[PDB]
There are 2 protein chains.
Amino acid sequence: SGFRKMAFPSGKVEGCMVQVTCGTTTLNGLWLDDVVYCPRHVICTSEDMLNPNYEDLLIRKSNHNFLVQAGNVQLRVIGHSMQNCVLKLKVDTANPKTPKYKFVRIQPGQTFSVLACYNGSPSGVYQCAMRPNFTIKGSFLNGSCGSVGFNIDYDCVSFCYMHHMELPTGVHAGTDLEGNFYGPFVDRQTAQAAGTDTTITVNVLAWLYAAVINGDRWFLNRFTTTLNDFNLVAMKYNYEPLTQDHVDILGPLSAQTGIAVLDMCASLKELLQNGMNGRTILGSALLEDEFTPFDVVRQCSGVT
Amino acid sequence: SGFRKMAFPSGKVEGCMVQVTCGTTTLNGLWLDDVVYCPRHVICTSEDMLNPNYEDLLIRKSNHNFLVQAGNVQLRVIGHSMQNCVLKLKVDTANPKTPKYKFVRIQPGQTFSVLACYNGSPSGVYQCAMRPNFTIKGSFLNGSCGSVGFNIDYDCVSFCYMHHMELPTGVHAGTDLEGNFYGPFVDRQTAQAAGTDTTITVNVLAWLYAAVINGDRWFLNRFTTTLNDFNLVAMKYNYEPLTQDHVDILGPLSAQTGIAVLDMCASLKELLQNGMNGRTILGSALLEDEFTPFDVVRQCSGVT
Ligand SMILES: *[C@H](O)[C@H](C[C@@H]1CCNC1=O)NC(=O)[C@@H]1[C@H]2CCC[C@H]2CN1C(=O)OCc1ccccc1
Ligand SMILES: *[C@H](O)[C@H](C[C@@H]1CCNC1=O)NC(=O)[C@@H]1[C@H]2CCC[C@H]2CN1C(=O)OCc1ccccc1
């Protein structure tokens, strides 16, 4: 019973967080095997961050200029290199707590857990969606950069996100662990536009199925629709167009509940056109789009 | 920037979760030093759970009848005892991963992290408030009982909650780690009433301060009020009465923002009387009461 925004257990990832310091700048690094990964802007003074030439800034830096601290202890840096927007610091000690892991570039609409860190210490854990405009709605202060996003598949950690910055809308942008930004963002202090924040339609539908599984069914109506008809209404509300692959992804939830995907679409259409009329679904007064179909199945079946 | 419902990092607690089996019934236990704590209803068959005589049921049980599994390995049970609604199984091995810990009976309106577990394995982590009616709004299926709620204060884990059951409203009830239920609940299969779900007024105010700190200030109005005047409007909306101790608790947030507590109260009063008019605060369309003032300070100051 009940449906909550739920992070993965963070223990495997807590054991990989270190502190990386250059000059005055301290942020978080991810220690996997004998490599520490961190945002390249660790090398920047406050002057530099307006229009930094990272190649020129890095050339002034040697191995000994990077202080890497794993709790109590100082790691010895024996090599450094820049890959896109991340620094790879080679250290003389393999992290003995290195979990089984992969680096994955996650797709828009997929979710992951953020372990928010400061000075290489965990602050807290929460779920985020990689939004269609390649932003996330996180909670990040100064010193949070290098905090990572991950998924767990049994014992394997899939790292998909490293935190680099805030946009003027109060949303967040970062890189995969190869240092390639999600979306059109760059690591300098300029006003940067994410575009239209489109709603993840397949996730809203997944969450309406979550609501029906959990006994909230007041919004189920007597109508059906077509993909082309629904999409006309999606377009108006800045919803992602629903496609046959999305209908296929929702098939197991459609089956478990006996509500056809296009019947749920008709329900969604009436909610978009009529609002909630002061009513709530799973204790929310708006349509939630940060649960994937997998998140709904995982949570409603107790996957561990 | 940004404000999220954020759990503590779960690593210290992941290391204390075990599986406890009696007959057909498997649930979660908490392994601290040489003791495993679990819900006493582990001893019940499905027949028993209607009107169980736990004293009589337990008398038929010996040490060897309790299977305790720490991942791969079987723990040897060398003693068992019932304390209120929890079983204490003495095992021949101290948990080598036992963190510094305390057991605390938490107050209504205070928050904690739930590590949702099945078969002694972590599923996920989320924040809950102990509600004024001593329920929580969690996500729990069959097999989740023995899952625990905790706070962390630097390196010390404060265990405050163990999960025992679901109420007909879809909310959850459990015990402290001494096995005393929060609220009027009993561990048997009967329809049980939590009463009126009163809103945690001091937490709503904390979250309105969170909103102002994060730049959401549209709801700030030109009026002030008095405690007695506000409370007249609180009463009508099933809000907890605001007291001088609550005003004192909000003092640091009032100071940091320069908004007097009674001015924020006047804002809240207009939101209760007028609703949101289709607007949102920190990405919510209703008033959130599951952040304590401490949760707001912790999150807005990067405590680790
Ligand atoms: C890294 O710890 C930091 C994370 C930020 C701090 C405040 N919330 C958050 O998420 N990242 C930055 O401070 C980056 C830094 C690296 C690349 C360039 C600098 C500036 N910056 C940033 O976040 O820019 C914010 C901004 C917003 C509007 C207009 C200009 C700049
Ligand atoms: C423990 O794993 C289980 C947790 C429940 C299962 C479904 N969601 C959830 O939180 N607890 C129970 O199943 C308990 C069990 C122990 C004490 C008595 C039995 C029955 N039960 C329970 O949760 O009662 C639910 C209920 C609801 C309405 C009317 C009658 C009974």
# chains A, B, ... in the order shown; residues from 1 in each chain; ligands from 1
>>> closest_atom_pairs(of="chain B", to="chain A", cutoff="6 Å", atoms="only C-alpha atoms", output="JSON lines")
{"residue": "B:1", "atom": "CA", "partner": "A:140", "partner_atom": "CA", "distance": 5.5}
{"residue": "B:2", "atom": "CA", "partner": "A:139", "partner_atom": "CA", "distance": 4.5}
{"residue": "B:3", "atom": "CA", "partner": "A:139", "partner_atom": "CA", "distance": 5.2}
{"residue": "B:4", "atom": "CA", "partner": "A:139", "partner_atom": "CA", "distance": 5.9}
{"residue": "B:6", "atom": "CA", "partner": "A:126", "partner_atom": "CA", "distance": 5.2}
{"residue": "B:7", "atom": "CA", "partner": "A:125", "partner_atom": "CA", "distance": 5.3}
{"residue": "B:8", "atom": "CA", "partner": "A:124", "partner_atom": "CA", "distance": 4.8}
{"residue": "B:9", "atom": "CA", "partner": "A:124", "partner_atom": "CA", "distance": 5.3}
{"residue": "B:10", "atom": "CA", "partner": "A:10", "partner_atom": "CA", "distance": 5.8}
{"residue": "B:11", "atom": "CA", "partner": "A:11", "partner_atom": "CA", "distance": 3.5}
{"residue": "B:121", "atom": "CA", "partner": "A:304", "partner_atom": "CA", "distance": 5.8}
{"residue": "B:122", "atom": "CA", "partner": "A:304", "partner_atom": "CA", "distance": 5.7}
{"residue": "B:123", "atom": "CA", "partner": "A:304", "partner_atom": "CA", "distance": 4.2}
{"residue": "B:124", "atom": "CA", "partner": "A:8", "partner_atom": "CA", "distance": 4.8}
{"residue": "B:125", "atom": "CA", "partner": "A:7", "partner_atom": "CA", "distance": 5.3}
{"residue": "B:126", "atom": "CA", "partner": "A:6", "partner_atom": "CA", "distance": 5.2}
{"residue": "B:138", "atom": "CA", "partner": "A:2", "partner_atom": "CA", "distance": 5.9}
{"residue": "B:139", "atom": "CA", "partner": "A:2", "partner_atom": "CA", "distance": 4.5}
{"residue": "B:140", "atom": "CA", "partner": "A:1", "partner_atom": "CA", "distance": 5.5}
{"residue": "B:141", "atom": "CA", "partner": "A:1", "partner_atom": "CA", "distance": 5.9}
{"residue": "B:170", "atom": "CA", "partner": "A:1", "partner_atom": "CA", "distance": 5.9}
{"residue": "B:285", "atom": "CA", "partner": "A:285", "partner_atom": "CA", "distance": 5.2}
{"residue": "B:304", "atom": "CA", "partner": "A:123", "partner_atom": "CA", "distance": 4.2}
>>> residues_around(residues="residue 247 (chain B)", least_positions_apart="6", cutoff="10 Å", atoms="only C-alpha atoms", output="PyMOL selection string")
chain B and resi 202+205+227+254+260-262
>>> residues_around(residues="residue 88 (chain A)", least_positions_apart="2", cutoff="8 Å", atoms="only C-alpha atoms", output="JSON, numbers by chain")
{"A": [35, 36, 37, 38, 80, 81, 82, 83, 86, 90]}
>>> residues_around(residues="residue 186 (chain A)", least_positions_apart="2", cutoff="10 Å", atoms="only C-alpha atoms", output="PyMOL selection string")
chain A and resi 85+164-165+173-175+180-184+188-190+192
>>> residues_around(residues="residue 292 (chain B)", least_positions_apart="3", cutoff="10 Å", atoms="only C-alpha atoms", output="PyMOL selection string")
chain B and resi 109-111+129+200-207+249-250+289+295-298
>>> closest_residue(among="B:105, B:20, B:155, B:191", to="ligand 2", atoms="only C-alpha atoms and all ligand atoms")
B:191
>>> closest_residue(among="B:146, B:108, B:132, B:96", to="ligand 2", atoms="only C-alpha atoms and all ligand atoms")
B:146
